[PDB]
Amino acid sequence: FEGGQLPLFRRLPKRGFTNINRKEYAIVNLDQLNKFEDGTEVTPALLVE
Amino acid sequence: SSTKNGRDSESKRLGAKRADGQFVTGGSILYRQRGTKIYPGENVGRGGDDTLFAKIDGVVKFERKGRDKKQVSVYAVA
Amino acid sequence: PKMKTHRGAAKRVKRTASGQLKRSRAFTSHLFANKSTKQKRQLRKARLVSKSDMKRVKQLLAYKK
RNA sequence: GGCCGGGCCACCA
RNA sequence: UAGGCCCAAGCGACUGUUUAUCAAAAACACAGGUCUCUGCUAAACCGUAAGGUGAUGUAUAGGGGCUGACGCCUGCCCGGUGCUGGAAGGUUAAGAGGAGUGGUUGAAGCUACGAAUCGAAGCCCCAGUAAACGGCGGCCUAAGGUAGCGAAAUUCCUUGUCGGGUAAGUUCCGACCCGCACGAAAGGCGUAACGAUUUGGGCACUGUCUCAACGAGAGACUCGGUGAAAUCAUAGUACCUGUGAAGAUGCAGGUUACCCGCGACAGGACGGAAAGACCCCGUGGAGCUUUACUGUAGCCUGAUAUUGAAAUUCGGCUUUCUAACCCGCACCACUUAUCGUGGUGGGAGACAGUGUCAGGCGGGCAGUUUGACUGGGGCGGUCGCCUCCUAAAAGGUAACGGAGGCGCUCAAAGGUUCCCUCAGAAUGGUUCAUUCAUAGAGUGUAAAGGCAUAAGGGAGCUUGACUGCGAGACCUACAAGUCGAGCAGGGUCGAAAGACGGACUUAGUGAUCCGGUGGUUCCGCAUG
RNA sequence: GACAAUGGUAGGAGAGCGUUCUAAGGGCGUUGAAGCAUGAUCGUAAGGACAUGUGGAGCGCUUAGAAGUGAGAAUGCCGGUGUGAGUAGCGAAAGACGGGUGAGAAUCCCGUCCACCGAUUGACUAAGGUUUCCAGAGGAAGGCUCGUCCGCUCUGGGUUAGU
RNA sequence: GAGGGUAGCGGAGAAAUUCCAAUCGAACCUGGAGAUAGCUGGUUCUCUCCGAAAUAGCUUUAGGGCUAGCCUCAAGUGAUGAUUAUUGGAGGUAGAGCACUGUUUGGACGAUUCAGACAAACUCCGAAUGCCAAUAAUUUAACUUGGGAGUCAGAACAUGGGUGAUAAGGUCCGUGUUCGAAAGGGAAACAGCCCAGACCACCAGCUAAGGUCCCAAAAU
RNA sequence: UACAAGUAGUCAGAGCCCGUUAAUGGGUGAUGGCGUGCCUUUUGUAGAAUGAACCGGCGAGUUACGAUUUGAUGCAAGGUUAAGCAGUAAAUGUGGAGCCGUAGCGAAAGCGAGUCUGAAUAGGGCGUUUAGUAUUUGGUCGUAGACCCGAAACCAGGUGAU
RNA sequence: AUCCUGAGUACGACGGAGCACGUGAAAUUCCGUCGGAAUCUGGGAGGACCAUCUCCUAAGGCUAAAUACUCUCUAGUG
RNA sequence: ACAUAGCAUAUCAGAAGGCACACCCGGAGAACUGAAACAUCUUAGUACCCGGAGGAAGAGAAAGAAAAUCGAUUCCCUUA
Ligand SMILES: [K+]
Ligand SMILES: [K+]
Ligand SMILES: [K+]
Ligand SMILES: [K+]
Ligand SMILES: [K+]
Ligand SMILES: [Mg+2]
Ligand SMILES: [Mg+2]
Ligand SMILES: [Mg+2]
Ligand SMILES: [Mg+2]
Ligand SMILES: [Mg+2]
Ligand SMILES: [Mg+2]
Ligand SMILES: [Mg+2]
Ligand SMILES: [Mg+2]
Ligand SMILES: [Mg+2]
Ligand SMILES: [Mg+2]
Ligand SMILES: [Mg+2]
Ligand SMILES: [Mg+2]
Ligand SMILES: [Mg+2]
Ligand SMILES: [Mg+2]
Ligand SMILES: [Mg+2]
Ligand SMILES: [Mg+2]
Ligand SMILES: [Mg+2]
Ligand SMILES: [Mg+2]
Ligand SMILES: [Mg+2]
Ligand SMILES: [Mg+2]
Ligand SMILES: [Mg+2]
Ligand SMILES: [Mg+2]
Ligand SMILES: [Mg+2]
Ligand SMILES: [Mg+2]
Ligand SMILES: [Mg+2]
Ligand SMILES: [Mg+2]
Ligand SMILES: [Mg+2]
Ligand SMILES: [Mg+2]
Ligand SMILES: [Mg+2]
Ligand SMILES: [Mg+2]
Ligand SMILES: [Mg+2]
Ligand SMILES: [Mg+2]
Ligand SMILES: [Mg+2]
Ligand SMILES: [Mg+2]
Ligand SMILES: [Mg+2]
Ligand SMILES: [Mg+2]
Ligand SMILES: [Mg+2]
Ligand SMILES: [Mg+2]
Ligand SMILES: [Mg+2]
Ligand SMILES: [Mg+2]
Ligand SMILES: [Mg+2]
Ligand SMILES: [Mg+2]
Ligand SMILES: [Mg+2]
Ligand SMILES: [Mg+2]
Ligand SMILES: [Mg+2]
Ligand SMILES: [Mg+2]
Ligand SMILES: [Mg+2]
Ligand SMILES: [Mg+2]
Ligand SMILES: [Mg+2]
Ligand SMILES: [Mg+2]
Ligand SMILES: [Mg+2]
Ligand SMILES: [Mg+2]
Ligand SMILES: [Mg+2]
Ligand SMILES: [Mg+2]
Ligand SMILES: [Mg+2]
Ligand SMILES: [Mg+2]
Ligand SMILES: [Mg+2]
Ligand SMILES: [Mg+2]
Ligand SMILES: [Mg+2]
Ligand SMILES: [Mg+2]
Ligand SMILES: [Mg+2]
Ligand SMILES: [Mg+2]
Ligand SMILES: [Mg+2]
Ligand SMILES: [Mg+2]
Ligand SMILES: [Mg+2]
Ligand SMILES: [Mg+2]
Ligand SMILES: [Mg+2]
Ligand SMILES: [Mg+2]
Ligand SMILES: [Mg+2]
Ligand SMILES: [Mg+2]
Ligand SMILES: [Mg+2]
Ligand SMILES: [Mg+2]
Ligand SMILES: [Mg+2]
Ligand SMILES: [Mg+2]
Ligand SMILES: [Mg+2]
Ligand SMILES: [Mg+2]
Ligand SMILES: [Mg+2]
Ligand SMILES: [Mg+2]
Ligand SMILES: [Mg+2]
Ligand SMILES: [Mg+2]
Ligand SMILES: [Mg+2]
Ligand SMILES: [Mg+2]
Ligand SMILES: [Mg+2]
Ligand SMILES: [Mg+2]
Ligand SMILES: [Mg+2]
Ligand SMILES: [Mg+2]
Ligand SMILES: [Mg+2]
Ligand SMILES: [Mg+2]
Ligand SMILES: [Mg+2]
Ligand SMILES: [Mg+2]
Ligand SMILES: [Mg+2]
Ligand SMILES: [Mg+2]
Ligand SMILES: [Mg+2]
Ligand SMILES: [Mg+2]
Ligand SMILES: [Mg+2]
Ligand SMILES: [Mg+2]
Ligand SMILES: [Mg+2]
Ligand SMILES: [Mg+2]
Ligand SMILES: [Mg+2]
Ligand SMILES: [Mg+2]
Ligand SMILES: [Mg+2]
Ligand SMILES: [Mg+2]
Ligand SMILES: [Mg+2]
Ligand SMILES: [Mg+2]
Ligand SMILES: [Mg+2]
Ligand SMILES: [Mg+2]
Ligand SMILES: [Mg+2]
Ligand SMILES: [Mg+2]
Ligand SMILES: [Mg+2]
Ligand SMILES: [Mg+2]
Ligand SMILES: [Mg+2]
Ligand SMILES: [Mg+2]
Ligand SMILES: [Mg+2]
Ligand SMILES: [Mg+2]
Ligand SMILES: [Mg+2]
Ligand SMILES: [Mg+2]
Ligand SMILES: [Mg+2]
Ligand SMILES: [Mg+2]
């Protein structure tokens, strides 16, 4: 509340929307794959385990 | 009765914004004014509202021009 | 009980990596004949919520990460 | 704004 | 123990009624007058309804408004508002009526919408109505105040002026009319009688007074008994002049004063009592009003259901019918019953009533709103933006300080290249010429700052009054606002360097939410 | 050791005092705990001891934990007690004396005289109250004084309907 | 008189906002309920260090609030703080002047000219100061990021000004000090003036303003 | 202590009377200097502004759940469970669903140490070039009456015409 | 799949209500008024709507436990 | 007129009223308050009132959730 001055989150516009089908991925970088031995077969099950 | 007066506009904060001998970067405003009270000199530009601004990095120098006129230049620091 | 997010605020800002809030610009709805070309072009560019305003409104968006 | 020749009706940034 | 009386004026006719507990009155009522509604299941009123009051009444009756015995009377205005009646011309809702279109599946089809036109009251229009609301001039109107009264319960000026009354009369009485601002049923003017009414005068009479004295009793006072209260920071609590939050027991300097009672008095302790009723303030409350906003009880009107059969006439209109529905109609039974139910007649009848939907009216009732600044508040003025002065030679800087302007404009008054130079004066001529003329002209517009690099004037071409931006900087609480080199894309003008992202600069504007329109390699709820 | 700093409202920061309860450890107490009272005691403060009297059964200390944790003001709430003060008042009026009773008498009983009401201060019904009525005994409180008296206290009684 | 009836969004009223169980512009009781109170009052042990503000902007805002300003605590960063000297610069006040605008007095000549004046919104001129900077002396800050605030009634004095009347202990701005939040000495007394900033103790000393005949310390 | 002018004390001080937690002691006090209570509220109160007769007791920032920050501690590219079950109303064991972090940018599709805008191999915004997480003490905020007391009023359901 | 499989029903318009959701792109559920289906080649839903696909089979009824509370009772706790 | 309504008699002992009616289901349903005013909205389907019960009540055996499949209802955690 700003004492009756129009508050900041009313003087600014709304923007955008939310995608219902938004896909978010789990991310593994190359540096995190360095913990496996040479010749390993990397799989989501192995990354989770 | 009542006064017919009571009005004024917002003060516009004109005048010098950098000192003679001071180092400024390019784009720095040196002087706000109405008209050419001070003229643009060397490496100094004059904006649409008559603002004087430095076009290079360098040192501000206020100098006389002619008999009754002034100018401000900026010179590259060696 | 849980604190409640200010939903109006939540519709107008987004959190940045450093924890700041990216905001849209006022004066961008109508009356565009009265604002100059450069004014509108530069009003297309997003700003941040100022630190003075953050001091006032931070708790309203504590859950919006 | 609607309709008819100024009158009725309509108008929740 | 047992009326004081007389003269005169205002108000109200009268007896009566009223603020239990500061108002008894001129206020209310009243008999009388008038207007208006109401044909009986009356109107009006209470109640959601049933049921009631009205009334076991029936227009010589009942409700509501106004006036207020009686006497003489009650003028002008119907433009406005209300009320009443007309016209079904314009406008309008539900509903009907379906031309047509979008989405989807070449279509059906399903689906979202959708114009002809039919469609009530109201409102608009016309007329009337003033013992309806109201109005009763300063050429204007709807019309401009009749009778009577008038310095008044009304007259500001005002103690109007004159007369009477008194030695002396702002009151009183009688006149005048110059009625700030009387006036005819929110009645005018009178009026015998009446009045714990208001007002002026007089006789009687008096301790009301000159002017106070004495006497009786009850308290007070002394003694025995009994024995509270408000109040109270601690108190060994002086005055004067001063000081001080601007009126001192308590501070300063003086002055005065042995310690403790008792009877008295009220100048102070801003003495006690009641968180000032006045005044202001609170985005406090409550009651009341209305042509404040939004509603709503109710009522009016239309469609449709209940709800059926025939016709006539132009989807309607109209007429007839009976069998739904209705009867606070009659008789009959239950039943010794003015309820009810049933039966039979009569009346009425697809109306009414009631449900749902729709339009209208609706301070009758309800929830609320009705700004701030302000040398208290109100009234007046002001509220955003631009320029100047105040402003103290950076910037900034207040007052209901002193002055002005803005809510645009221009297709050139923008861009570029080329060229050009003013106002004024003097002197000559039935606008022109010469000479001076640093600008004393002009610059779209207010002022200031600038401008003869012209930023002022003219011409050619033109549209940079571009798209994507943007180092850095000014200003600044925020939101905003301002300036900007330079890079890229595509140009204009220029021989070229180069200039151009509107205008000599600084006003000419308004956030968000919502909605409309155009585009869109975005999303679009199993998939398209 | 030798230099500096240390006025302070709103307010920020730090360190401590004390109260009740809990855990663990270690103690005190009928050869007298807590509480209370007095004292010329100790600590920079909040505060801590000791001695003596009273009291008569619980209570410290250490470390840590938890709070209904600290009052002088709220026209604060409750209780007690002051002040005003031996002050105001003691609620419409005619009593006097004799005798009696008694610890005590203006005030109770009895007597005489006096005085007041008498369209009522008399008599009887109703409402309302509900034992206040009667007798004997009493005098703490109540009675605006007193009290031997009482509508007060104790004990025992009292209301009878065919009309 | 008795027995009954009308009940609070309501009754009743020969009407006064009048009565409805000793206060009726809407009775009383209980509940919602700890209504709400941007208002008043109150808010309890101690010491230690630091220590404000009474302003700006916006506000149905004006004795409220919000951000900024000023306080505190903690980490960072490190010359960026302060003062002076010197040097450079921006700007138009005081004064002065009349070159422009406006005002004004006396001559002269036939508007100009001679002489002499006036100005917040006049300037041919123009200080002192203050301000912005740059690189030596002294000095001790400064800034950034977070945790916690309070403040938004100010007052007098001096001085530059508006306003008022070259009135006000008036009012509104600029500048400085003090009070606020500051005791001590002086000004008789006396927040705001003068001297001066109290860690504690001392029956030591030197001074400030102000004083030295007695009150009453010190020069008759 | 009866010649004295006052917020009642304080500093100085004879006289008299006592004798202790034995301390450069205790009680009283002629006489002198200095000195207008406290609280609240204020620009400013001795204030003739508020509040308190006195004494005693009682009487006001609390707790729960979220957020943020600081300190502490465990683990660390990881940290941690919730309900539940077992257990003594315990600690604790088990429970990995879930949550936060290890990656951001964008309205989104998306792309990714980048990404968005943009025609751009340009410029610019936000990012990258490690540190988090769990519990808990303290501070503060939010939802709750939220430091305490106090309206006038509003609504609902009852009770009243002695 | 020869017959049966809940009819004034589902559903629709208007007015409302309940759904976190204020009529909105508002599906899904219920009430009043008025209208008003289909019949396994059927019907309903998958957030307007259409087509495909997917899931289901309304308009009849019954059902313990896990859950809520404490005037109580018994045994205990702080 | 048949009939029915009605009336008399015997038999049954079904209802009535109460509550801790705390929890539960339904009917009906505010206001102060918050929005720094206020009407939409909020307080809140809360308070109060009324009806019906049980030891629990309600719900319940898909014209469901979904989009790789699950398989009545309810309740706790989480999603958030
Ligand atoms: K008329
Ligand atoms: K008329
Ligand atoms: K006259
Ligand atoms: K008059
Ligand atoms: K007072
Ligand atoms: Mg200005
Ligand atoms: Mg321009
Ligand atoms: Mg737009
Ligand atoms: Mg009369
Ligand atoms: Mg009479
Ligand atoms: Mg009276
Ligand atoms: Mg009076
Ligand atoms: Mg009287
Ligand atoms: Mg009748
Ligand atoms: Mg009359
Ligand atoms: Mg009359
Ligand atoms: Mg007439
Ligand atoms: Mg007419
Ligand atoms: Mg119509
Ligand atoms: Mg119509
Ligand atoms: Mg007058
Ligand atoms: Mg006389
Ligand atoms: Mg006369
Ligand atoms: Mg009249
Ligand atoms: Mg009349
Ligand atoms: Mg007489
Ligand atoms: Mg006497
Ligand atoms: Mg006596
Ligand atoms: Mg003083
Ligand atoms: Mg004085
Ligand atoms: Mg005096
Ligand atoms: Mg004195
Ligand atoms: Mg006396
Ligand atoms: Mg007196
Ligand atoms: Mg008084
Ligand atoms: Mg008051
Ligand atoms: Mg008052
Ligand atoms: Mg007064
Ligand atoms: Mg109708
Ligand atoms: Mg009203
Ligand atoms: Mg209200
Ligand atoms: Mg005002
Ligand atoms: Mg005023
Ligand atoms: Mg006005
Ligand atoms: Mg200056
Ligand atoms: Mg300046
Ligand atoms: Mg103007
Ligand atoms: Mg204007
Ligand atoms: Mg030109
Ligand atoms: Mg140009
Ligand atoms: Mg779908
Ligand atoms: Mg789809
Ligand atoms: Mg200190
Ligand atoms: Mg000091
Ligand atoms: Mg603190
Ligand atoms: Mg501590
Ligand atoms: Mg302690
Ligand atoms: Mg104890
Ligand atoms: Mg306590
Ligand atoms: Mg007290
Ligand atoms: Mg007392
Ligand atoms: Mg006394
Ligand atoms: Mg006496
Ligand atoms: Mg006395
Ligand atoms: Mg006396
Ligand atoms: Mg006496
Ligand atoms: Mg007596
Ligand atoms: Mg007699
Ligand atoms: Mg007796
Ligand atoms: Mg006695
Ligand atoms: Mg007795
Ligand atoms: Mg009642
Ligand atoms: Mg009466
Ligand atoms: Mg009254
Ligand atoms: Mg009145
Ligand atoms: Mg009364
Ligand atoms: Mg409540
Ligand atoms: Mg309260
Ligand atoms: Mg300090
Ligand atoms: Mg101020
Ligand atoms: Mg506003
Ligand atoms: Mg001068
Ligand atoms: Mg002159
Ligand atoms: Mg002159
Ligand atoms: Mg000047
Ligand atoms: Mg002055
Ligand atoms: Mg002053
Ligand atoms: Mg000043
Ligand atoms: Mg100071
Ligand atoms: Mg001082
Ligand atoms: Mg002093
Ligand atoms: Mg002094
Ligand atoms: Mg003097
Ligand atoms: Mg002195
Ligand atoms: Mg003096
Ligand atoms: Mg000396
Ligand atoms: Mg002396
Ligand atoms: Mg001496
Ligand atoms: Mg003497
Ligand atoms: Mg003596
Ligand atoms: Mg004295
Ligand atoms: Mg003294
Ligand atoms: Mg203060
Ligand atoms: Mg004052
Ligand atoms: Mg005092
Ligand atoms: Mg006094
Ligand atoms: Mg007060
Ligand atoms: Mg008092
Ligand atoms: Mg007390
Ligand atoms: Mg709090
Ligand atoms: Mg805060
Ligand atoms: Mg079935
Ligand atoms: Mg709904
Ligand atoms: Mg729904
Ligand atoms: Mg929906
Ligand atoms: Mg459906
Ligand atoms: Mg039975
Ligand atoms: Mg039975
Ligand atoms: Mg029961
Ligand atoms: Mg029950
Ligand atoms: Mg509100
Ligand atoms: Mg019930
Ligand atoms: Mg029940």
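Naming: A, B, ... by sequence-line order, numbering from 1 per chain. Both backbone and side-chain heavy atoms feed into the values below; hydrogens, waters and symmetry mates do not.
- Within the nucleic acid shown, C:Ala26 comes within 4.0 Å of sugar-phosphate atoms alone, with no base atom in reach, counting heavy atoms only.
- A:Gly4 comes within 4.0 angstrom of the backbone, heavy atoms only, and of no base.
- E:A488 and E:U467 make up a base pair, with Watson-Crick or G-U wobble contacts both under 3.5 Å.
- Residue-level contact check: C:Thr28 touches the backbone only, with heavy atoms under 4.0 Å from sugar-phosphate atoms and none from bases.
- With the cut-off at 3.5 Å for both distances, G:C122 forms a Watson-Crick or G-U wobble pair with G:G97.
- Nucleotide E:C504 holds its P atom 15 Å from the CZ atom of B:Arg34, rounded to whole Å.
- A straight line from CG of B:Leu52 to P of E:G450 spans 13 Å, rounded to a whole angstrom.
- Under the 3.5 Å cutoff applied to both distances, E:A43 and E:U506 fail to qualify as a Watson-Crick or G-U wobble pair.
- OP1 and OP2 of E:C522 both lie 4.0 Å or more from every side-chain N or O belonging to A:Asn19.
- With a 3.5 Å ceiling on both atom-pair distances, the Watson-Crick or G-U wobble partner of G:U163 is G:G170.
- Below 30°, between 30° and 60°, or above 60°: for B:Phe62 and B:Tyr31 the angle between ring planes is above 60°, a perpendicular geometry.
- Here A:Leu12 lies in heavy-atom contact (under 4.0 Å) with sugar-phosphate atoms only.
- Across all strands, C:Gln39 comes closer than 4.0 Å only to sugar-phosphate atoms, never to a base (heavy-atom distances).
- The residue A:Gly16 sits close only to the backbone: its heavy atoms come under 4.0 Å of sugar-phosphate atoms, none of a base.
- Put simply, C:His30 has no side-chain N or O that comes within less than 4.0 Å of OP1 or OP2 on E:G515.
- In this structure, A:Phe1 reaches the bases: a heavy-atom distance under 4.0 Å links it to at least one base atom across the strands shown.
- B:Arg7 has no side-chain polar atom (N or O) that falls below the 4.0 Å cut-off from OP1 or OP2 of E:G404.
- For the pair C:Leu43 CG and E:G510 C1', the computed distance is 14 Å after rounding to whole Å.
- Distance B:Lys12 NZ to E:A480 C1': 14 Å, rounded to the nearest Å.
- Within the 4.0 angstrom heavy-atom criterion, base atoms lie near C:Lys38.
- Comparing the same atom, P, in G:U48 and in F:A45 gives a spacing of 11 Å after rounding to whole Å.
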